[PDB]
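Structure record follows, encoded as structure tokens.
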Amino acid sequence: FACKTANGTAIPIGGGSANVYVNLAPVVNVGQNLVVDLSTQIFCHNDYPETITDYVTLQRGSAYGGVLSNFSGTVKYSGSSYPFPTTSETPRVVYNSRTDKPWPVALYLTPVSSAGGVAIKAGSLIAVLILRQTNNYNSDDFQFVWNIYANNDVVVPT
Ligand SMILES: CCCCCCCO[C@@H]1C[C@@H](O)[C@H](O)[C@@H](CO)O1
Numbered sequence: 001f002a003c004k005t006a007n008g009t010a011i012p013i014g015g016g017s018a019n020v021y022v023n024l025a026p027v028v029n030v031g032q033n034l035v036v037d038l039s040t041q042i043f044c045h046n047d048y049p050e051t052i053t054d055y056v057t058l059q060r061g062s063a064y065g066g067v068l069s070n071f072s073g074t075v076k077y078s079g080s081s082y083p084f085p086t087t088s089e090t091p092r093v094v095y096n097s098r099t100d101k102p103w104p105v106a107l108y109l110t111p112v113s114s115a116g117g118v119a120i121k122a123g124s125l126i127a128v129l130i131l132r133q134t135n136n137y138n139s140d141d142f143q144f145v146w147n148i149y150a151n152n153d154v155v156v157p158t
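For the sequence shown, counting from 1, position 16 maps to 16 in mature numbering (1 follows the signal peptide of the UniProt record, and there is no 0); every step adds exactly one.
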């Protein structure tokens with residue numbers, strides 16, 4: 001089991017960490033969602049699907065910088081919504097193919113009432129997402145750590 005980002009940066013068998021740089025909607029009003037869709041950014045596959053079933057969870061998601069300060073967060077994992085920053089490990093997603101499949105993660109961030117101005121700074125760390133991979137074959141328990149960075153400022157109108 002291994003994963004790669006949209007630009008080809010990979011985390012190999014056994015886990016590790018990688019940076020993900022995301023474009024963000026430049027203007028987000030109070031009452032609206034800023035969507036950070038990682039399903040277009042992170043892709044994974046099973047290296048031995050003939051025999052092994054891989055189990056993949058969002059073990060946890062943490063918020064940083066402007067996102068922690070200025071937004072109220074929800075994460076959708078495989079279509080279901082949970083608090084972000086997270087409060088529990090999600091249900092599993094199975095990877096049973098050698099063909100790359102998106103990691104079905106998206107953040108939905110809505111400004112808090114005190115938010116206004118540059119709510120996310122370009123280049124800043126906005127989130128850390130931990131992908132946990134196990135299987136039905138052995139005792140492997142690996143973490144793939146995704147450090148999410150903003151490519152641009154996000155302005156919340158006042
Ligand atoms: C003949 C025996 C061959 C064993 C191959 C094991 C490959 O393991 C990796 C990491 C597992 O954690 C993972 O479950 C597996 C499949 O994605 O890929």
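Built from N, CA and C at the ideal position, the CB exists for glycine as well.
Would you call the stretch 145 to 155 and the stretch 25 to 32 touching, i.e. three or more CB-CB distances under 8 Å?
yes
Let me check understanding here. Comparing Cα to Cα, which of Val128, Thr99, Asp37, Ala115 lies closest to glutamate 50?
Translated into positions along the sequence shown, residue 50 becomes position 50. The shortest Cα separation from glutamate 50 among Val128, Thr99, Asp37, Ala115 belongs to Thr99.
Within the stretch 58 to 133, note down every full beta strand (DSSP E) run reaching 3 residues or more, in order along the chain.
71 to 77, 80 to 84, 93 to 95, 105 to 111, 117 to 120
Helix, strand or coil at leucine 38 according to DSSP, with G and I counted as helix:
Stepping through the sequence shown from its first residue, residue 38 is reached at position 38. The answer is helix: DSSP assigns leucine 38 an H, G or I state.
Give the single residue among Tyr55, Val20, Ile13, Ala10 whose Cα lies nearest to the Cα of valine 94.
Residue numbering aside, residue 94 sits at position 94 when the sequence shown is read from its first letter. Nearest C-alpha to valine 94: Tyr55.
Using the three-state DSSP reduction, which class does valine 154 fall into: helix, strand or coil?
Sequence index remark: in the sequence shown, residue 154 carries index 154 (1-based). Three-state DSSP puts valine 154 in a strand.
Bounding residues of the beta strand (DSSP E) (the contiguous stretch that carries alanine 18):
Translated into positions along the sequence shown, residue 18 becomes position 18. It spans 16 to 22 - the beta strand (DSSP E) in which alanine 18 sits, taken as one unbroken run.
Contact check, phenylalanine 142 vs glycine 8, beta carbons under 8 Å
As a position in the sequence shown, residue 142 is number 142, starting the count at 1. As a position in the sequence shown, residue 8 is number 8, starting the count at 1. In this structure, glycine 8 does not lie closer than 8 Å to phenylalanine 142 by Cβ.
Among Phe84, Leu68, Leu131, which has the Cα closest to the Cα of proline 104?
Along the sequence shown, read from residue 1 onward, the residue named residue 104 stands at position 104. The candidate whose alpha carbon is nearest that of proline 104 is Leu131.
Kindly examine ligand 1 and report whether one of its heavy atoms sits closer than 7 Å to the Cβ of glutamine 133.
Position 133 of the sequence shown holds residue 133. It does: the Cβ of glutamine 133 is within 7 Å (strictly closer) of some heavy atom of ligand 1.
Tell me which residues share the same chain as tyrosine 77 and place their Cβ nearer than 7 Å to its Cβ, disregarding the 5 neighbours each side in the sequence.
Position 77 of the sequence shown, counting from 1, holds the residue named residue 77. Correct list, in chain order: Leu58, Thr90, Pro104, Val105.
Closer than 7 Å: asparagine 151 CB and nearest ligand 1 heavy atom
Looking up residue 151 in the sequence shown gives position 151. Because no heavy atom of ligand 1 lies under 7 Å away, the Cβ of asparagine 151 does not count as near it: no.
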